[PDB]
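Visitor: Here you go, one structure.
No lab work stands behind these numbers, since they all come straight from the coordinates. Neighbour counts run over all protein chains shown; Cβ positions are idealised from the backbone, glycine included.
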Amino acid sequence: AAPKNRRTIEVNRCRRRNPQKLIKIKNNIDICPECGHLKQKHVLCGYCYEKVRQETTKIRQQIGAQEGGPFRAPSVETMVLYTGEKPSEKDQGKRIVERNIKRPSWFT
Amino acid sequence: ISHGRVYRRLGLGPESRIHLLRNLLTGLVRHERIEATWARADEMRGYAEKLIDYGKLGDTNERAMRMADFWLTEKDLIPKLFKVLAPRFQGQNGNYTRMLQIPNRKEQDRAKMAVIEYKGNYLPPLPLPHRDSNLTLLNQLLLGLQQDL
Amino acid sequence: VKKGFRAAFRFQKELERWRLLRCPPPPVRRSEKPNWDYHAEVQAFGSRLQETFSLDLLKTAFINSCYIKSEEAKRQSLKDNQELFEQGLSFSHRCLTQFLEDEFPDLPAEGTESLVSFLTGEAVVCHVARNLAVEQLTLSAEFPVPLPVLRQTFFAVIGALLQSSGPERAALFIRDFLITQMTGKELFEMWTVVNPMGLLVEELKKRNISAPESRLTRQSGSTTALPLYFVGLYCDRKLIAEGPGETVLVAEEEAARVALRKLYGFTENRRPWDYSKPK
Amino acid sequence: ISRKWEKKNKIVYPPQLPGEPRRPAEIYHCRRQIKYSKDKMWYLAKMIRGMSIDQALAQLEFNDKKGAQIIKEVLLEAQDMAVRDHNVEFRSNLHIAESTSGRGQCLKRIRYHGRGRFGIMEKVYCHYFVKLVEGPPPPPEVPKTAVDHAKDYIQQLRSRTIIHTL
RNA sequence: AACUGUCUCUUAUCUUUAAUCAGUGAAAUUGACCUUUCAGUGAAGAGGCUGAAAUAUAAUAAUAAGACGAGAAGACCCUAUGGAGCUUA
RNA sequence: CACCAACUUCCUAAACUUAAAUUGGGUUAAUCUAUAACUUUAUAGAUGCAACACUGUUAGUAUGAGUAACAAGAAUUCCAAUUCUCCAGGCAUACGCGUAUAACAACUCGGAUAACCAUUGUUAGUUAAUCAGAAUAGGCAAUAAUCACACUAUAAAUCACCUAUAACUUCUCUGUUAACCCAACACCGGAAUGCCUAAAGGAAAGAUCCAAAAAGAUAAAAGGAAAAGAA
RNA sequence: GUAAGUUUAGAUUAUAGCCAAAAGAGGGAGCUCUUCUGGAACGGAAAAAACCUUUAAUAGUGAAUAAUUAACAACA
Ligand SMILES: [Zn+2]
């Protein structure tokens, strides 16, 4: 079955310009205090998350080199230490990861 | 028609879902923080919490050893669960896993993204939300009400 | 490419027509535009009016102060119409007042002033002059001619006409061309009357007549959103005037307006003014 | 092809006289060649019409459509030139006066099928037009109240003239 | 004969489709259409005529019984003091 | 005890009497030439001189319709990175193709989307004495193979070496890449031989939802046409 | 009452209706024919090629008229 006649632009225009078919505005936009960038109320910041995710790779890269092989996951707890920080007695008996950078302000 | 459903349909079948969940659980244990789709992350959150209980049960438990071996493909992790994860969560009675929403992937599919991590980990803290301080005008007004009461 | 020169020329005219509609040219006075002869137009202007004008005086009346400045400014890089202007305006005021008084002796002097002011208003004078082509014949440094300058020339021409043709011809000219504009003009349209009830009482006491007692003769749709109220003013229990209104206050106000017209003999059915008289 | 939108940015007004209000700035920006459907892009344009510069940008940042990202890029370029070349003091003082999309030159190809059939393949391109006016978006319209409607209806009745009568 | 959801008598689960987001993007078709119901009229015949009736604008989602639905050079048999072609003993 | 209603008729101004093949007569759009005119005109002479309609021809742009339609195993420390989950015709030659090979740089076009390139541009490539391709005249021949022996059979199944003549010291040329071919297409199709069957070769999941309806698959209380047995 | 007609010469085109209404013949309903008559609204009969009122067609914010779906139980 094919259309019996051409559909008029006016009829077509009304269909596409009906409110149901139009793009709706969003009121859930929020600001990120940490980075000062926009975010949604139910969505986290990304500018700061970029630092966190990349820092994780840098920390993970250090971990990968230290292990040196697959299936080498330690059976003991692990800790990350940055330059200017010295291991404590409580840190004994735990895998220690050394980071050349200083302790990040956000990281505690 | 998803009324009363308590299980998500993932993978190519129920076995694939277990294997896909098994792979996700193994990866999470190794790294302690993994980013995945929100639907899949929610489904696997319950499994991770129960796994910590199995570690708490004890190494000598035959069921735990069988459970740990099946769920963890990489066998180096089996000592870790009983000697790293289980000792860490001994004080905790639950809520071992923290799941939060991440901005959706800009990969042309706009999948809902979430991050699931084990609490008490050595990884850098996630950017968690901070509640409003009591110094705010509304809270201070409520503080005055509290003092009167 | 379509060949031929006639077709290409035809399209050029088509482009010009579109260009004219899109971008109308700025207005310019006919004096600047070609094929204009001031002397011929003045002679034709006088002949068309069937009136005798002193060419020298008429030119002075058309001459304006602003026009002289432009010539002087051009000269740096002539008689004003003020004297003639005063005569026409002053004479017109007396003559215009004379017309009103004769038809409506009862009408107060204050009312005649309002009528005279309206008939001598800048808009009224400007409308007559522009429709008479006087603007083209007006001498000024700005186009369109400013209304106050245009008004000055109109009365200035009247002063020149008085010298050329005497008051009698000018009076007929005023009656034929200016008094005609009052046709279809209601009294309160040309005269602003506030507080008609008080004014009506003021006239009645002067005539030693009792103030009317207002009564509601007829009413319809009182409680509806479209109410009609008829209020009649009863003097000594006798109806003197009745007016229609939407509210009692409006009906009373309208009824008072009708009485004022009757008091001054401005009834709608009153005898029309005469332009027939050749004398 | 016609590029009159750019020429609108080359218009130079006469020097403003002392007795004239400060002329509001008008900026026209367009992208002539976009590998996007004009019809789909129009949906984005229609919604953003009349909104502020900041509000439109904020919505675009959280939009899923590819066209929305293009619109934001177009908006940013227009804003940059406005301050750089149109002497705009406050960046925030901008609103979307006009937003529309137009058709662009396309490419034609044949669409093969596995069963010997063929189809008409087209690579769609479009143009996008936006005009930005310095200042906040105009206040929204207030719908007429019942009292206003009744007054006009009475006024309309009075305005009526008698038809076909002496 | 057995066997079984063929059926008495249907139900449940999974995959595909489906629905939503994003990217890309055809074909048959098309006089114009501001594209209703009943009865009449007519050639078996009316969204557009006659007479009644109904009727905010615009949308959105579903099903295929009938209009003895619309269709082709489809099917069958027979005729010709029809043609034409062919063969002759 | 009437009115209304037709250009029938009267009235003011005019007019001077009722369909369509065909036939008689009067004009006209456009272009060129002759001769004039000079913001596009005149008189003559000429002609590829006038399109709302041939399922006309060519081009453009709509409608159907943003509809049919199409798509990548997981995690991470990263796309010639690791590890995990699962699949099971792979490697050589022939033939064909002819630079699709490889590196770099691009992000427009091509892949029916991205990532990435198979795209665009530039530069590079495939190595052979061993792998592959590129003198003459006479004389004389009974008896297959089949582990060839026995043993049979029927479809009836192998130059050499002698006798003379002639020449008299040699390693160049060409082929060599590839994920590749025949089917209009990066087409669920077609495509010889040898070895071997996973050590080789691979990925069904663009995201979300779990609509109805429909298709495929699995399961069935009691019964068995409302198992593999006979004719 | 009215204005065409006859002859001579040249020359083609048309030569198929439709419906209504009369007169016949087949026939017995109705049909099937032959013959005569009339018709082609912009008005009317409901819409109505074929019936009725209507001589052409001009402008006017005049007038008189035509046809014109309506009609008003019985016993001496
Ligand atoms: Zn931040």
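Visitor: Mean residue ellipticity at 222 nm from the helices of chain C, using -39,500 (n - 2.57) per DSSP H segment of n ≥ 4 over the full residue count, to the nearest 500 deg cm²/dmol?
Guide: The per-residue figure over chain C is -18000 deg cm²/dmol.
Visitor: Just to be sure I understand: if I project the alpha-carbon convex hull of the stretch C:151-279 onto a plane and average over all orientations, what area do I get in nm²?
Guide: Here the figure is 11.7 nm², rounded to one decimal.
Visitor: Next question, about the same structure. Say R0 is 25 Å: what FRET efficiency, to the nearest 0.05, do B:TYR7 and B:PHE70 get from their beta-carbon distance?
Guide: For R0 = 25 Å, the calculated efficiency reads 0.85.
Visitor: Rounding to the nearest 20 debye, state how big the charge dipole of the stretch C:1-125 is about its Cα centre with +1 on each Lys and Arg Cβ and -1 on each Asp and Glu Cβ.
Guide: Result for the stretch C:1-125 is approximately 2100 debye, rounded to the nearest 20.
Visitor: So what is the 222 nm mean residue ellipticity for chain B from helices alone, if each DSSP H run of at least 4 adds -39500 (n - 2.57) and you divide by all residues, rounding to the nearest 500 deg cm²/dmol?
Guide: -13500 deg cm²/dmol
Visitor: Let me ask you something else. Using a 10 Å cut-off on Cβ to Cβ distances, tally the other chain neighbours for every residue of A:34-46 and report the average as a whole number.
Guide: That average works out to 3.
Visitor: Separation between the D:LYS10 and A:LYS58 pseudo-spin-labels, each 7 Å from Cα along Cα→Cβ, expressed in nm?
Guide: The two pseudo-label positions are separated by 5.1 nm.
Visitor: Expressed in whole Å with the largest first, what are the equivalent ellipsoid semi-axes of the stretch D:1-137 derived from the C-alpha gyration tensor as the square root of 5 times each eigenvalue?
Guide: For the stretch D:1-137, the ellipsoid semi-axes come out as 36, 18, 10 Å.
Visitor: Evaluate peptide A:70-78: per residue, the Cβ atoms of other protein chains within 10 Å of its Cβ; return the mean as an integer.
Guide: Rounded to a whole number, the mean comes out at 6.
Visitor: Still on this structure, please answer the following. Can you give the helix-only mean residue ellipticity at 222 nm for chain D, where every DSSP H stretch with n ≥ 4 adds -39500 (n - 2.57) and the sum goes over all residues, rounded to the nearest 500 deg cm²/dmol?
Guide: It lands at -11000 deg cm²/dmol.
Visitor: What residue among D:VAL147, D:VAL130, D:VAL83 shows peak mean-square fluctuation when chain D is described by a Gaussian network model with Cα springs under 10 Å?
Guide: Taking springs between Cα atoms under 10 Å, the residue moving most is D:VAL147.
Visitor: May I ask which residue of B:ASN23, B:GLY4, B:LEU135 lies farthest towards the positive end of the charge dipole of the stretch B:1-139, with charges of +1 (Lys, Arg) and -1 (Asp, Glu) on Cβ and the Cα centre as origin?
Guide: Result: B:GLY4, furthest along the dipole toward the positive end.
Visitor: Which peptide among C:177-185, C:53-61 comes first, and what is the full order, when sorted by highest mean count of other Cβ atoms within 10 Å?
Guide: Result, highest mean first: C:53-61, C:177-185.
Visitor: Rounded to two decimals, what is Rg over Rh for the stretch D:71-166 when you use alpha-carbon atoms and the Kirkwood radius?
Guide: Rg/Rh: 1.34.
Visitor: Bin width 5 Å, origin at 0, all Cα-Cα pairs of the stretch C:60-114: what percent of pairs per bin?
Guide: Calculated over all Cα pairs of the stretch C:60-114, the distribution is 4, 17, 16, 13, 10, 10, 9, 8, 6, 4, 2, 1 percent.
Visitor: Which whole number in µm²/s is D for the stretch C:198-266 by Stokes-Einstein, with the Kirkwood Rh taken over Cα pairs at 37 °C and 0.692 mPa s?
Guide: Reported coefficient: 269 µm²/s.
Visitor: For the stretch C:123-203, take N as its residue count and report Rg(C-alpha) divided by 2.2 N^0.38 Å.
Guide: Compactness ratio reported: 1.46.
Visitor: Can you tell me the alpha carbon radius of gyration of the stretch C:1-88 divided by the globular rule-of-thumb value 2.2 N^0.38 Å?
Guide: Compactness ratio reported: 1.82.
Visitor: To the nearest µm²/s, what D does Stokes-Einstein give for chain B at 37 °C and 0.692 mPa s, using the Kirkwood radius over alpha carbon pairs as Rh?
Guide: In µm²/s, the coefficient rounds to 184.
Visitor: Which whole number gives the average count of other chain Cβ atoms within 10 Å of the Cβ atoms across peptide B:100-110?
Guide: Per residue, the number of nearby Cβ atoms from other chains is 3 on average.
Visitor: While we're looking at this one, here's another question. Using only Cα atoms, figure out Rg for the protein assembly as shown and give it as a multiple of 2.2 N^0.38 Å.
Guide: This ratio for the protein assembly as shown stands at 1.73.
Visitor: Using alpha carbons only, how many angstrom separate the centre of the stretch C:73-139 from the centre of the stretch A:77-108?
Guide: 102 Å
Visitor: Something else about it: Taking every pair of distinct Cα atoms and averaging 1/r, then inverting, what Kirkwood hydrodynamic radius in Å comes out for the stretch D:77-130?
Guide: This gives a value of 15.0 Å.
Visitor: Applying a 10 Å radius around every beta-carbon, put C:146-157, D:89-100 in order of their mean neighbour count, most first.
Guide: Highest mean packing first, the order is C:146-157, D:89-100.
Visitor: Only Cα pairs within less than 10 Å get springs; with that Gaussian network setup on chain D, which residue of D:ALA25, D:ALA56, D:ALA68 has the largest fluctuation?
Guide: With Cα springs under 10 Å in chain D, the top fluctuation among D:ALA25, D:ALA56, D:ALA68 is at D:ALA25.
Visitor: Right, here's the next one. How big, in percent, is the set of alpha carbon pairs in the stretch A:59-108 lying more than 12 Å apart?
Guide: Here the long-distance tail beyond 12 Å is 66 percent of all Cα pairs in the stretch A:59-108.
Visitor: Further question on the same structure: Once you keep just the Cα pairs under 8 angstrom separated by 6 or more residues, what percentage relative contact order results for the stretch B:1-145?
Guide: 26 percent
Visitor: Another one. In debye, nearest 20: dipole of the protein assembly as shown around its Cα centre with unit charges on the Cβ of K, R (+) and D, E (-)?
Guide: Computed charge dipole of the protein assembly as shown: roughly 5720 debye.
Visitor: Using only the alpha carbons, work out the radius of gyration and Dmax of the stretch C:70-221 in angstrom.
Guide: Cα radius of gyration and Dmax of the stretch C:70-221 are 21.1, 77 Å respectively.
Visitor: If you project the alpha carbons of the stretch B:1-74 onto their three principal axes, what span does each projection cover, largest first, in Å?
Guide: Between the extreme Cα coordinates on each principal axis of the stretch B:1-74 lie 44, 26, 19 Å.
Visitor: Could you tell me which residue out of D:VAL83, D:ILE120, D:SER101 lies farthest along the dipole of chain D toward its positive end? Charges go on the beta carbon: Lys and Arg +1, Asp and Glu -1, centred on the Cα centre.
Guide: D:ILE120
Visitor: As a test of understanding, state the convex hull volume per residue of the stretch C:1-148 from its alpha carbons, in Å³.
Guide: So the per-residue hull volume is 214 Å³.
Visitor: Let's test the formula: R0 of 45 Å, r as the Cβ-Cβ distance of D:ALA146 and A:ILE23. What FRET efficiency results, to the nearest 0.05?
Guide: Efficiency, from the Cβ-Cβ distance: 0.90.
Visitor: Kindly give Rg over Rh for the stretch A:1-56, based on alpha-carbon atoms, with the Kirkwood expression for the hydrodynamic radius.
Guide: Rounded to two decimals, Rg over Rh is 1.42.
Visitor: Kindly rank C:118-124, B:137-143 from highest to lowest mean number of other beta carbons found within 10 Å of each residue.
Guide: Peptide ranking by packing, descending: C:118-124, B:137-143.
Visitor: Could you give P(r) for chain A, binned at 5 Å from zero, as whole percent values over all Cα-Cα pairs?
Guide: Over chain A, the share of Cα pairs per 5 Å bin runs 2, 8, 12, 12, 10, 8, 8, 7, 5, 5, 4, 5, 4, 5, 3, 1, 1, 0 percent.
Visitor: Also: After finding the eigenvalues of the alpha carbon gyration tensor for chain C, what semi-axes result from the square roots of 5 times each, listed largest first in whole Å?
Guide: Equivalent ellipsoid of chain C: 50, 30, 16 Å, largest first.
Visitor: For the stretch D:9-166, what is the relative contact order in percent, using Cα pairs closer than 8 Å and at least 6 residues apart in sequence?
Guide: RCO, the stretch D:9-166: 31 percent.
Visitor: Now for a different question. Can you list the residues, at least 5 places off or on another chain, whose amide H is less than 5 Å from the amide H of D:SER101, using H built in the peptide plane?
Guide: Answer set, sorted by chain and number: D:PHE129.
Visitor: Choose one answer from D:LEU57, D:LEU44, D:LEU107: the residue with the largest mean-square fluctuation in a GNM of chain D with alpha-carbon springs under 10 Å.
Guide: Highest fluctuation of the listed residues: D:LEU107.
Visitor: Along the Cα→Cβ direction, 7 angstrom out, place labels at C:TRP273 and C:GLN181. What is the inter-label distance in nm?
Guide: Distance between label points: 1.1 nm.
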